[PDB]
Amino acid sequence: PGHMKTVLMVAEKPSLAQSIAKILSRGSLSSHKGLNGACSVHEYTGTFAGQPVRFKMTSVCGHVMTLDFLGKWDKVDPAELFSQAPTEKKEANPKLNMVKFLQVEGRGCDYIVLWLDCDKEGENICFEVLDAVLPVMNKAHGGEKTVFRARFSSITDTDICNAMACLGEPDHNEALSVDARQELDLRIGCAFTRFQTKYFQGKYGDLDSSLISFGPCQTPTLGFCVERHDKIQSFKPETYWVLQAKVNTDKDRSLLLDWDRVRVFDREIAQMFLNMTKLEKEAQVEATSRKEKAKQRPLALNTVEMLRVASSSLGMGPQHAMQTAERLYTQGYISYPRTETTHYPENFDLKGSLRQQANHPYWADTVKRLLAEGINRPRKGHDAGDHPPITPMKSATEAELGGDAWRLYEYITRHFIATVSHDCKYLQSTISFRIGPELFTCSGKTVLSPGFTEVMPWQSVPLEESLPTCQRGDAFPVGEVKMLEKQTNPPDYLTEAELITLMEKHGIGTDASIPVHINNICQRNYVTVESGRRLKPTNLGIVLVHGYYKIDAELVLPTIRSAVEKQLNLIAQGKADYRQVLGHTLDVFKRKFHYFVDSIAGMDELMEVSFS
């Protein structure tokens, strides 16, 4: 043979590179600092393609490049930003000299193995890395297969070693989809925004025009929040009436009965119902029922659900939750937290994972019992073919993780244990009473077996007194018949969880970009985070959405954005053309831009009134 080949391997972050290399080298790792200070280099000897080679594992630091125009406060025509103005990739963090670092460590290498995180974003970074390293590689084995791509979902021995055993190739289609989204959002975003910042610059005393922006995704996202605001302001409470009766059992208990008609919105018919029941002194039992029912254990955890719970229960904003989750993934405590999958792959050792939790004080006894009783089969969920559900991959304590990391890990773990636990079994009981012509019911739940609600106590069935045993035909003295007059209540501002659900429902913010957009409209102070993590539109945010809507509703409605993202996903699947999707979309929004500029009065008028 000739010279021993050197295999360069690149992960997305320094910690990832170190951990992966430590696993693959079985601890025979030799590490030294790179030129940039951020990135280290991990070297060791091993085997590749049945041959002894030298391994050289390092990393980048997230995206190497960001898309920008070719060449701030300078005088350019926003209309030119659609087609004329050229765009080019620039280093996302120039001080790190990432391209130079890759060239230096990648020089003279024969093979490259890509260990970037496995999403479309990661595939895009693959070609960032390849663009830097390929020109500097050794030319010897230059006509061989020199580029490899590892696929993995967790930084664990099992998943990382298997990745090496079945190396694939980087997906250029998925990489192109990321590029296309970046270029679309940059051009369309800056065009509509820069026009307004200049147009309104110093125009009104109480308006800092630099606060105005448009985004093909962030604006519809804000649109949802402002829509709720509008519903709240225009809400008209309605009076309604509820008939309720109280009954005395044989064991001298007051049963509160629920009206079969539940409620009424007519004053006269309400008075009519009260009159025909208030004098009745006896309630006849017409029917009884006992039904064993199940409160199901949760579906396996996906990203969208994690974000809802982290917000609603843990008080973490979507971006805060994602970075916390990503850090957990980085240290190998959970699987990759960007997934739509709610279905456990068949190969996955669930009992093994459960066994890992058998020693934590909070659920050791619960887990041990489950291992003795035998694990339940998780519910069949959805397999999006991206990653497994977000699952604990390693045991942990609050000492190891710290505040935010532990709180998120505890939920992910408790949620997991529940998926492999049993359903909650309870008794649903009902009694039907006849009072005059009117029907009434009283209901009650009795827990038979807690099931998963032991490890998830917040989903437990509330303790209620068992309904009295009685027979059809039995009669109870009516203790009281009253009619409640009530008022319908307005909705509250959108919670982050509701917004997440809305964005998922309308198909915007796909590929886990939802937390970015939500954080964006918060960072721009278009909404404020109020108690219960509610998103209350600010004055400017309201004005902006109303302004955009008056000019062109399609700028605010998620319809257009949803279709674009579907087109972008088709690029990723190789079912749509990169350049054609770019061209068509940019044409559509260029047309809307010119209409926007012509109809700017729709925005200006609202701006004048609100900001003098």
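Residues carry their position along the shown sequence, with the first being 1.
In this entry, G71 is separated from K72 by 1 to 3 residues of the deposited sequence that have no coordinates.
Averaged over their C-alpha atoms, the temperature factors of 350-358 and 528-536 are higher for 350-358. When the mean C-alpha temperature factors of 78-86 and 405-413 are read from the deposited coordinates, 78-86 comes out higher.
Across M393, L494, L130, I431, the entry's maximum B-factor at the CA atom is seen for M393. The entry lists C-alpha B-factors for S335, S443, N93, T239, and the highest of these is at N93.
In the PDB entry, a CA B factor belonging to the highest third of its chain's modelled residues is recorded for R253. Sort the chain's modelled residues by C-alpha temperature factor and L16 lands in the middle third, per the entry. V7: CA B factor lies in the lowest third for its chain, per the PDB record. Sorting the modelled residues of the chain by their CA temperature factor places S209 in the lowest third. Ranked by Cα temperature factor within the chain, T366 sits in the middle third according to the deposited record.
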